[PDB]
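Have a look at the structure below before the remarks.
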Amino acid sequence: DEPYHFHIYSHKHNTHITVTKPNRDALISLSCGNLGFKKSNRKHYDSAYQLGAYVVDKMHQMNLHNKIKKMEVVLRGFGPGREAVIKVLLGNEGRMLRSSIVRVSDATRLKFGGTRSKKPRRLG
Amino acid sequence: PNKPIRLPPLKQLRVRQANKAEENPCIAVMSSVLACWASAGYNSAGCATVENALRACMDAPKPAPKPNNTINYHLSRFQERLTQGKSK
Amino acid sequence: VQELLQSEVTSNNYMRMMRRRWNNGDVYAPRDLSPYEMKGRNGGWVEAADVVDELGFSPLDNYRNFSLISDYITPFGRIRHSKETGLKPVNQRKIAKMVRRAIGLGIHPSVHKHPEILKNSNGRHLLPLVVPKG
Amino acid sequence: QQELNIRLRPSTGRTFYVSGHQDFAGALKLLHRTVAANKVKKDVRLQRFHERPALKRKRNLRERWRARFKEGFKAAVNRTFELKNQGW
Amino acid sequence: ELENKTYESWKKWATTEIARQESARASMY
Amino acid sequence: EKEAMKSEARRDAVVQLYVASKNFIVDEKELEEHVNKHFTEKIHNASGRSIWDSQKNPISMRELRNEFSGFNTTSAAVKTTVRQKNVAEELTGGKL
Amino acid sequence: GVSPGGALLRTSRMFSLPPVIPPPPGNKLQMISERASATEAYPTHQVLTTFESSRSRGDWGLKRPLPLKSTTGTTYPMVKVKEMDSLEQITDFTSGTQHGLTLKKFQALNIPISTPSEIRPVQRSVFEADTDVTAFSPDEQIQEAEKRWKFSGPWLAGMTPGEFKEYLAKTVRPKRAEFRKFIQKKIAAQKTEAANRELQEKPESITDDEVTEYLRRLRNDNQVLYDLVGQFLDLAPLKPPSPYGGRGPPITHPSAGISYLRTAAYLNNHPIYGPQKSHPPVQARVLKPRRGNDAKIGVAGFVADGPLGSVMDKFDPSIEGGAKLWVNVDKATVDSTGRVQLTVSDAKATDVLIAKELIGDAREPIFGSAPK
Amino acid sequence: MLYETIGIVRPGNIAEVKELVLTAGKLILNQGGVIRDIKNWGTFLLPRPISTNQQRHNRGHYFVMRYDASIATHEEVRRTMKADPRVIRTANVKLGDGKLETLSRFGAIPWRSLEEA
Amino acid sequence: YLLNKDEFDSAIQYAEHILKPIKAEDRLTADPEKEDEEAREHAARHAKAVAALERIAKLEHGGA
RNA sequence: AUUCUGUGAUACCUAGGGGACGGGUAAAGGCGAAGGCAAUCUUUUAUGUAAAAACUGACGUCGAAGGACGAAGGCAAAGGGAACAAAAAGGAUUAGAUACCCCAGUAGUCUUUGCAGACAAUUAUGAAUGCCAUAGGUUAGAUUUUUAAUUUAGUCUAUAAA
Ligand SMILES: [K+]
Ligand SMILES: [K+]
Ligand SMILES: [K+]
Ligand SMILES: [K+]
Ligand SMILES: [K+]
Ligand SMILES: [Mg+2]
Ligand SMILES: [Mg+2]
Ligand SMILES: [Mg+2]
Ligand SMILES: [Mg+2]
Ligand SMILES: [Mg+2]
Ligand SMILES: [Mg+2]
Ligand SMILES: [Mg+2]
Ligand SMILES: [Mg+2]
Ligand SMILES: [Mg+2]
Ligand SMILES: [Mg+2]
Ligand SMILES: [Mg+2]
Ligand SMILES: [Mg+2]
Ligand SMILES: [Mg+2]
Ligand SMILES: [Mg+2]
Ligand SMILES: [Mg+2]
Ligand SMILES: [Mg+2]
Ligand SMILES: [Mg+2]
């Protein structure tokens, strides 16, 4: 039996938090903009914190803190949300789900050469 | 694995920050206060012990400065002996 | 039972600070017990001398050994630096090329250690499974 | 395994499990350390844009010298305090 | 005798650093 | 004499390649016999259907370094015999 | 033809300094530390002294006078010189009391060194005219070679796989021709045995035919062959058909020049009580308690295993200075690696009480006050 | 020249192995080669789930064959193997160095030891 | 491998003469059941080695 | 902002397909006449370096011209086309904005056969020979009491005489 997954995708401009079931099927796929954060207000550390708290709160409303015995936390990207959501999952917000986690992995996507990237920017 | 190189001839062998830079302690204590407000709430009850800790630092007196670390003096002595030499 | 248990924890705590494995015949002076010496200031637990030359094995001829290829790659699947291996530039280039041959031939993963080696390591029963989904 | 095959993907290698002596809070520490020793964050930054071969080569020469100089400097700062201990 | 004076100094350092880690462990949670 | 030494070293290899020719397969008869002897359903202790069960793991660095650091313990008696021969075979040159 | 100035330097005291010997050999495949190094098994550099008057000036007969900060004040003036003049124009030295006083401590135990015995205790002295011998002759038979301790050839079991290959291709391979001559001498004597015997009731040793055939007769009996090969390469016997074959020959003298006592079959006559039964006890420390399946104890600078037997079970922070128990050193010997292994044996109760009495710290005096 | 092929056939049938191993074996011997050893590894996981001929596999049946043949023969053994739809993948390597000293020390395929060279 | 028919043949002959099953020291102690068995076996084994080595040392199975 | 998305996107997966790219190793490292060459297997190719012997016996160096090779871009033909991206075009910024920035985007980059011959094609230093005092590293070997020192051929720092 594969544990539930708690993907936390975060980059320079936004953060996505997905909670998939063992078969990797999204159950709660939300983002910072789902809370009302507009164009540039969805990149701040505080916004990522609120998002994580909302997703965790929605998990309790679905009674997932008594339905999930094994959970996995996946961390993709090094955006601000990477540390924000963790403290939400490590503080008082996450305490019924905190003692059900079995794995903690990183899924940052790296290319071994891959395709050519965009040319460097001359900001000056 | 190769060994450390012999430094080239430098104008002066020294360290920028001879003495460690002391970080204001309760700047972290403030972080905890802000954190609790975010999760618990501004007008809550669990923030009392944390808020009271922030008031404790400002009242407390700051420590005294540490004695200077005389490390740049000894580096200047052995400069010509350790490295290739001095340049000017 | 409460005092004994607690005392044991405190005892082991100090045992963790004695960063030294006393052996038979090792001479010790009154200075070897000082904190400056027990601290273990040395930050390098490096290899002694060119393990490859001692065992006298041609790496390129042992591209089959999966455990040997999983020992010179980080858990992420990246060849280890000469600092970690502690080899010569020649032996390093031979082992580096031995890890690229196996990965290039398609008989060893390039982002983690061999699957059969992941089953014998810690977390065997927690390895990420693949639900059929169909 | 016998009934379910292991998911072999790049995240499989970057995985850390929870044990009796290693709780969730501790696994993150082990993860961050292993992710920093493999320079995952650096790679993401270098893969955001393209660096033609020349610029890459020239950038390595500059970074490699600052590492040798720093390593050769740390050995001189400790050789000084070695000779000082002897009383020279 | 000299080992006693040196061993006692190690006990103090050990006790301090041990307490340091304990206080440093309260921040992980 | 210098050219002769090369001939001897070149000959010793042939003598060694000669002694290791007992397990070689030159005819189709030995091939079929060998294949049928090793390629069978219940060959890997079957249970288990892999060489990772009877010979669980291929020799690794930890195991190698342990043969000369951790142990030194009765493998020396087995190892020494193989070594002593190699020394005798070299001097005599007769691949005892 | 040497110049007079060059003849004085040859016999000078400084020129007598021995070369730095290789460090104590350890496992070739380990994770030794580089930045920090602990004391070695045995000393590597020569320890030096000076007069009390010349020490106050820093004069140690070296290139330059040493500093007075770390060279004066101590009771025993000992110092080691790594380099008489380093690239910093300074004599790279260091205190030598770590090994200098350890030798004095060990020499205060009054214990000889004896050859190890497999497990009826027989402590045989190391300095004997039958075992302690290095010189030999080719005519000597194989049996006496076991007695020797300084072999020219290496130990096969000890050599690593890489060292073994190098040895074969650089010491054994270019010796076939000489080995053939060695056999000729043996075959030559074989022909003389029959002749001499029959005469009661040597040849030129040039027969390239019998040699080739002589080696084909020994292919069925490998034992007698190795016995012969060991003499041409001076290899330490390994198979029982024995001495120090478990860990190989001692890299150094069996005593390692730390103690030159032959036997301990003496009874120290105590002033008041009289001839004692055993030797005086020695106080030792406790390192690495059992709770590692063994306990280590520091007996006069050296580290040895604890007696075969609280104190050893668990660590106790309350005890000030550490757990210190009295113990009697029974047997001491040097292993192949060069370490000084001691057979530390639990001490008696009366011995400790008697020995403490002179120190004046005995709680109750056996003399007089003791009614029973 | 001393070569070595590591074929990974489909795990379903043991019979597929014998036929393929014999096909390549008989071929090498006919051309004039000398097979040194044919080890039989079982069925363990592949480096990653791959798809060959509209089929998804997670573990193949490994087998190692160390032989000494010509360049023309080796190339033929490689093409015939690859052409076989029953082989997931192969890995041929010019084992050895080329000198006679090291070429006379290659015996049976080792698993618990190294190829001392 | 810088070999020729002479060196190769001489090595074969030499190699076989050094591994020949040594006959018993005396006739009466000898057992023709074992001796004759080793002879046939050794001969067959030698014939195999010759056929194998000849194929390895062939110059047609080499490279440029 | 243009832009994508209720014709169900982003996010998380499953199963196939398709192109070019080369993570770590990696270093003052190395290889070629230079240009330049960094995943991997087989096949194939000329120099060069070390140590010993043997061999030819001045057979050597430079080299106008001719011919060969020659980065990126470009031309021609047939393929390929994921990504990147001159051009063309749109959205912003600005007093104005061709621009720098952004949404997108064709040649081209890649493969095969030719043309083309210009580069900060640089070590701003033609090639080669003889010769001049040291030190600290480093690369591939060799010798040795292989621990550590001598030594050959390169390479890079810091100096003496100059
Ligand atoms: K969303
Ligand atoms: K869809
Ligand atoms: K020209
Ligand atoms: K525009
Ligand atoms: K040099
Ligand atoms: Mg753009
Ligand atoms: Mg600007
Ligand atoms: Mg492809
Ligand atoms: Mg260039
Ligand atoms: Mg690379
Ligand atoms: Mg070159
Ligand atoms: Mg002539
Ligand atoms: Mg020319
Ligand atoms: Mg072009
Ligand atoms: Mg083109
Ligand atoms: Mg066109
Ligand atoms: Mg674009
Ligand atoms: Mg042209
Ligand atoms: Mg150019
Ligand atoms: Mg020219
Ligand atoms: Mg270079
Ligand atoms: Mg210069």
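Identifiers in the structure tokens: chain A, B, ... in order shown; residue index from 1 per chain; ligand index from 1 in order shown.
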
Q | Shell of 12 Å around residue 64 in chain I, only C-alpha atoms (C1' of nucleotides), local chain residues under 3 positions omitted, as a VMD selection string | A | (chain H and resid 1 70 to 71 98) or (chain I and resid 59 to 61) or (chain J and resid 43 to 45)

Output C-alpha atoms (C1' of nucleotides) of each residue in that selection to a file, as a PDB file, in the first residue's frame.
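Final output, saved to result03.pdb:
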ATOM      1  CA  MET H   1      39.287 -10.961 -29.349  1.00  0.00           C
ATOM      2  CA  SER H  70      36.598 -12.251 -34.486  1.00  0.00           C
ATOM      3  CA  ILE H  71      35.297  -8.757 -35.153  1.00  0.00           C
ATOM      4  CA  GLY H  98      44.593  -6.452 -25.713  1.00  0.00           C
TER       5      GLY H  98
ATOM      6  CA  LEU I  59      45.709 -13.857 -36.452  1.00  0.00           C
ATOM      7  CA  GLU I  60      42.424 -13.696 -38.380  1.00  0.00           C
ATOM      8  CA  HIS I  61      40.497 -13.080 -35.137  1.00  0.00           C
TER       9      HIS I  61
ATOM     10  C1'   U J  43      34.938  -0.654 -35.492  1.00  0.00           C
ATOM     11  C1'   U J  44      38.837   2.396 -37.522  1.00  0.00           C
ATOM     12  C1'   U J  45      43.470   6.539 -37.886  1.00  0.00           C
TER      13        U J  45
END

Near residue 1 in chain D, counting only C-alpha atoms (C1' of nucleotides), which residues have an atom at most 9 Å away, once you skip same-chain residues fewer than 4 positions from it, shown as a PDB file with N, CA, C and O atoms, in the first residue's frame?
ATOM      1  N   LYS C 119      16.430  -2.606  -2.120  1.00  0.00           N
ATOM      2  CA  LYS C 119      15.596  -3.533  -1.367  1.00  0.00           C
ATOM      3  C   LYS C 119      16.279  -4.017  -0.097  1.00  0.00           C
ATOM      4  O   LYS C 119      15.597  -4.348   0.879  1.00  0.00           O
ATOM      5  N   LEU C 129       6.066   2.488  -4.298  1.00  0.00           N
ATOM      6  CA  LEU C 129       5.484   1.487  -5.174  1.00  0.00           C
ATOM      7  C   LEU C 129       4.761   2.155  -6.340  1.00  0.00           C
ATOM      8  O   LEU C 129       4.595   3.375  -6.390  1.00  0.00           O
TER       9      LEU C 129
ATOM     10  N   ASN D   5       5.688  -3.217  -8.320  1.00  0.00           N
ATOM     11  CA  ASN D   5       7.052  -2.874  -8.681  1.00  0.00           C
ATOM     12  C   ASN D   5       7.424  -1.504  -8.127  1.00  0.00           C
ATOM     13  O   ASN D   5       6.593  -0.596  -8.037  1.00  0.00           O
ATOM     14  N   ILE D   6       8.695  -1.365  -7.751  1.00  0.00           N
ATOM     15  CA  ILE D   6       9.178  -0.119  -7.173  1.00  0.00           C
ATOM     16  C   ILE D   6       9.143   0.984  -8.220  1.00  0.00           C
ATOM     17  O   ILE D   6       9.539   0.784  -9.377  1.00  0.00           O
TER      18      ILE D   6
ATOM     19  N   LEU H  45      15.067  -6.735 -11.108  1.00  0.00           N
ATOM     20  CA  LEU H  45      14.547  -5.486 -11.643  1.00  0.00           C
ATOM     21  C   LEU H  45      15.515  -4.867 -12.643  1.00  0.00           C
ATOM     22  O   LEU H  45      16.735  -5.013 -12.538  1.00  0.00           O
TER      23      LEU H  45
END

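Of note, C1' of residue 157 in chain J and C1' of residue 38 in chain J are spaced 26.8 Å apart.
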
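Take CA of residue 15 in chain I and CA of residue 78 in chain F: the distance between them is 26.4 Å.
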
(Q) So that I can check the surroundings of range 7-19 of chain B, please list as a list in words every protein, DNA and RNA residue that reaches within 9 Å of it, counting only C-alpha atoms (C1' of nucleotides) and ignoring chain neighbours fewer than 4 positions away. (A)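 Selected residues are residues 66, 67, 68, 69, 70, 71, 72, 73, 75, 76, 78, 79, 80, 82, 83, 84, 85, 86, 87 and 88 of chain B; 69, 72, 73, 76 and 77 of chain D; 157 and 158 of chain J.
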
Q.
So that I can see what lies close to residue 86 in chain H, please list as a VMD selection string the residues with an atom at most 12 Å from it, counting only C-alpha atoms (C1' of nucleotides) and leaving out residues fewer than 3 positions away in the same chain.
A. chain H and resid 7 to 17 19 to 21 52 to 53 55 57 60 to 61 80 to 83 89 to 90

Q | Straight-line distance linking CA of residue 72 in chain A with CA of residue 11 in chain A, stated in Å to one decimal | A |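 Separating CA of residue 72 in chain A from CA of residue 11 in chain A is a distance of 20.1 Å.
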
Find the residues around residue 21 in chain F up to 6 Å (only C-alpha atoms (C1' of nucleotides) counted), leave out those fewer than 3 positions away in its own chain, and share them as a compact mmCIF listing (two decimals) with N, CA and C atoms, in the first residue's frame.
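Final output, saved to result24.txt:
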# COMPACT_ATOMS: atom_id res chain seq x y z
N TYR F 18 46.51 -22.16 -20.92
CA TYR F 18 46.34 -23.59 -21.16
C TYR F 18 45.65 -24.26 -19.98
N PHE F 24 36.46 -24.14 -20.78
CA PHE F 24 36.05 -23.56 -22.04
C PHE F 24 35.09 -24.49 -22.77
N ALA I 49 42.58 -28.26 -25.09
CA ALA I 49 43.34 -27.03 -24.92
C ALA I 49 44.00 -26.61 -26.23

**Q.** Surrounding residues as a list in words, ligand 11, max 7 Å, only C-alpha atoms (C1' of nucleotides) and all ligand atoms
**A.**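 So, counting only C-alpha atoms (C1' of nucleotides) and all ligand atoms, the residues near ligand 11 are residues 31, 32 and 48 of chain J.
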
Create the file for the chosen residues now, containing N, CA and C atoms (P, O5', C5', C4', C3', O3' and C1' of nucleotides) and written as a PDB file, in the first residue's frame.
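Resulting contents of result-v6.pdb:
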ATOM      1  P     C J  31      48.775  15.500 -23.149  1.00  0.00           P
ATOM      2  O5'   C J  31      47.704  15.342 -24.313  1.00  0.00           O
ATOM      3  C5'   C J  31      47.141  14.071 -24.599  1.00  0.00           C
ATOM      4  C4'   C J  31      46.244  14.111 -25.808  1.00  0.00           C
ATOM      5  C3'   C J  31      46.841  14.736 -27.054  1.00  0.00           C
ATOM      6  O3'   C J  31      47.672  13.842 -27.766  1.00  0.00           O
ATOM      7  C1'   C J  31      44.665  15.587 -26.715  1.00  0.00           C
ATOM      8  P     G J  32      48.712  14.409 -28.844  1.00  0.00           P
ATOM      9  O5'   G J  32      47.823  14.579 -30.150  1.00  0.00           O
ATOM     10  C5'   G J  32      48.364  15.203 -31.297  1.00  0.00           C
ATOM     11  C4'   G J  32      47.292  15.783 -32.176  1.00  0.00           C
ATOM     12  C3'   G J  32      47.728  17.001 -32.967  1.00  0.00           C
ATOM     13  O3'   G J  32      48.455  16.687 -34.142  1.00  0.00           O
ATOM     14  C1'   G J  32      45.675  17.459 -31.906  1.00  0.00           C
ATOM     15  P     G J  48      56.519  10.721 -33.541  1.00  0.00           P
ATOM     16  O5'   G J  48      56.169  11.404 -32.148  1.00  0.00           O
ATOM     17  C5'   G J  48      56.065  12.815 -32.042  1.00  0.00           C
ATOM     18  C4'   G J  48      55.362  13.223 -30.774  1.00  0.00           C
ATOM     19  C3'   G J  48      55.946  12.671 -29.486  1.00  0.00           C
ATOM     20  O3'   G J  48      57.070  13.403 -29.037  1.00  0.00           O
ATOM     21  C1'   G J  48      53.608  12.367 -29.477  1.00  0.00           C
TER      22        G J  48
END

**Q.** Expected answer as an MDAnalysis selection string: chain E residues within 12 Å of chain D, only C-alpha atoms
**A.** chainID E and resid 25:29

**Q.** Within 8 Å of ligand 10, counting only C-alpha atoms (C1' of nucleotides) and all ligand atoms, residues as a list in words
**A.**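 Those within range of ligand 10 are residues 22, 23, 24, 25, 26 and 38 of chain J.
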
Residue subset to file, keeping N, CA, C and O atoms (P, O5', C5', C4', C3', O3' and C1' of nucleotides), as a PDB file, in the first residue's frame:
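That gives us out-v6.pdb:
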ATOM      1  P     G J  22      25.773  19.333 -25.679  1.00  0.00           P
ATOM      2  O5'   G J  22      26.150  18.634 -24.300  1.00  0.00           O
ATOM      3  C5'   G J  22      25.671  19.157 -23.066  1.00  0.00           C
ATOM      4  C4'   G J  22      25.592  18.089 -22.006  1.00  0.00           C
ATOM      5  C3'   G J  22      26.912  17.388 -21.705  1.00  0.00           C
ATOM      6  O3'   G J  22      26.961  17.012 -20.330  1.00  0.00           O
ATOM      7  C1'   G J  22      25.355  15.809 -22.507  1.00  0.00           C
ATOM      8  P     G J  23      27.558  18.024 -19.235  1.00  0.00           P
ATOM      9  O5'   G J  23      26.740  17.679 -17.915  1.00  0.00           O
ATOM     10  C5'   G J  23      25.622  18.462 -17.525  1.00  0.00           C
ATOM     11  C4'   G J  23      25.159  18.118 -16.132  1.00  0.00           C
ATOM     12  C3'   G J  23      26.226  17.614 -15.173  1.00  0.00           C
ATOM     13  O3'   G J  23      26.970  18.672 -14.591  1.00  0.00           O
ATOM     14  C1'   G J  23      24.281  16.257 -15.021  1.00  0.00           C
ATOM     15  P     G J  24      28.575  18.690 -14.663  1.00  0.00           P
ATOM     16  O5'   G J  24      29.026  17.804 -13.420  1.00  0.00           O
ATOM     17  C5'   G J  24      28.564  18.092 -12.109  1.00  0.00           C
ATOM     18  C4'   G J  24      28.468  16.838 -11.280  1.00  0.00           C
ATOM     19  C3'   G J  24      29.765  16.062 -11.113  1.00  0.00           C
ATOM     20  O3'   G J  24      30.553  16.545 -10.039  1.00  0.00           O
ATOM     21  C1'   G J  24      28.041  14.589 -11.793  1.00  0.00           C
ATOM     22  P     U J  25      31.905  17.363 -10.317  1.00  0.00           P
ATOM     23  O5'   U J  25      32.980  16.227 -10.612  1.00  0.00           O
ATOM     24  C5'   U J  25      33.147  15.138  -9.717  1.00  0.00           C
ATOM     25  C4'   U J  25      33.527  13.877 -10.448  1.00  0.00           C
ATOM     26  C3'   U J  25      34.818  13.944 -11.246  1.00  0.00           C
ATOM     27  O3'   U J  25      35.956  13.701 -10.439  1.00  0.00           O
ATOM     28  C1'   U J  25      33.103  12.978 -12.570  1.00  0.00           C
ATOM     29  P     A J  26      37.338  14.462 -10.726  1.00  0.00           P
ATOM     30  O5'   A J  26      36.914  15.995 -10.774  1.00  0.00           O
ATOM     31  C5'   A J  26      37.895  17.023 -10.767  1.00  0.00           C
ATOM     32  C4'   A J  26      37.460  18.225 -11.565  1.00  0.00           C
ATOM     33  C3'   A J  26      36.058  18.739 -11.248  1.00  0.00           C
ATOM     34  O3'   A J  26      36.016  20.157 -11.387  1.00  0.00           O
ATOM     35  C1'   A J  26      36.167  18.107 -13.517  1.00  0.00           C
ATOM     36  P     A J  38      32.881  17.606 -28.451  1.00  0.00           P
ATOM     37  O5'   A J  38      32.769  16.746 -27.119  1.00  0.00           O
ATOM     38  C5'   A J  38      33.761  16.860 -26.106  1.00  0.00           C
ATOM     39  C4'   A J  38      33.552  15.859 -25.000  1.00  0.00           C
ATOM     40  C3'   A J  38      32.170  15.895 -24.354  1.00  0.00           C
ATOM     41  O3'   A J  38      31.800  14.585 -23.934  1.00  0.00           O
ATOM     42  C1'   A J  38      33.806  16.386 -22.729  1.00  0.00           C
TER      43        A J  38
END

Q: Rank nothing, just name the residue among C:54, C:47, C:37, C:8 nearest to chain B, using only C-alpha atoms.
A: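 Nearest to chain B: C:47.
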
Q. Using only C-alpha atoms (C1' of nucleotides) and all ligand atoms, what are the residues with an atom within 9 Å of ligand 9, set out as a PyMOL selection string?
A. chain J and resi 35-36+71+121-122

Using the selection just defined, write its residues with C-alpha atoms (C1' of nucleotides) as a PDB file, in the first residue's frame.
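out07.pdb, freshly written:
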ATOM      1  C1'   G J  35      40.549  25.488 -36.106  1.00  0.00           C
ATOM      2  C1'   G J  36      39.102  22.962 -32.172  1.00  0.00           C
ATOM      3  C1'   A J  71      35.229  28.635 -35.729  1.00  0.00           C
ATOM      4  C1'   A J 121      41.598  32.212 -36.029  1.00  0.00           C
ATOM      5  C1'   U J 122      45.424  35.571 -29.272  1.00  0.00           C
TER       6        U J 122
END

Exercise answer, chain F residues close to chain C, 7 Å and only C-alpha atoms, as a PDB file with N, CA and C atoms, in the first residue's frame:
ATOM      1  N   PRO F  58      26.552  -8.630  -4.902  1.00  0.00           N
ATOM      2  CA  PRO F  58      27.914  -8.671  -5.436  1.00  0.00           C
ATOM      3  C   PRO F  58      28.884  -7.958  -4.511  1.00  0.00           C
ATOM      4  N   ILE F  59      30.116  -8.468  -4.481  1.00  0.00           N
ATOM      5  CA  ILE F  59      31.124  -7.952  -3.565  1.00  0.00           C
ATOM      6  C   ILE F  59      31.241  -6.447  -3.731  1.00  0.00           C
ATOM      7  N   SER F  60      31.262  -5.735  -2.611  1.00  0.00           N
ATOM      8  CA  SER F  60      31.295  -4.281  -2.592  1.00  0.00           C
ATOM      9  C   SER F  60      32.549  -3.802  -1.868  1.00  0.00           C
ATOM     10  N   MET F  61      32.736  -2.482  -1.870  1.00  0.00           N
ATOM     11  CA  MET F  61      33.908  -1.894  -1.232  1.00  0.00           C
ATOM     12  C   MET F  61      33.932  -2.202   0.260  1.00  0.00           C
TER      13      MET F  61
END
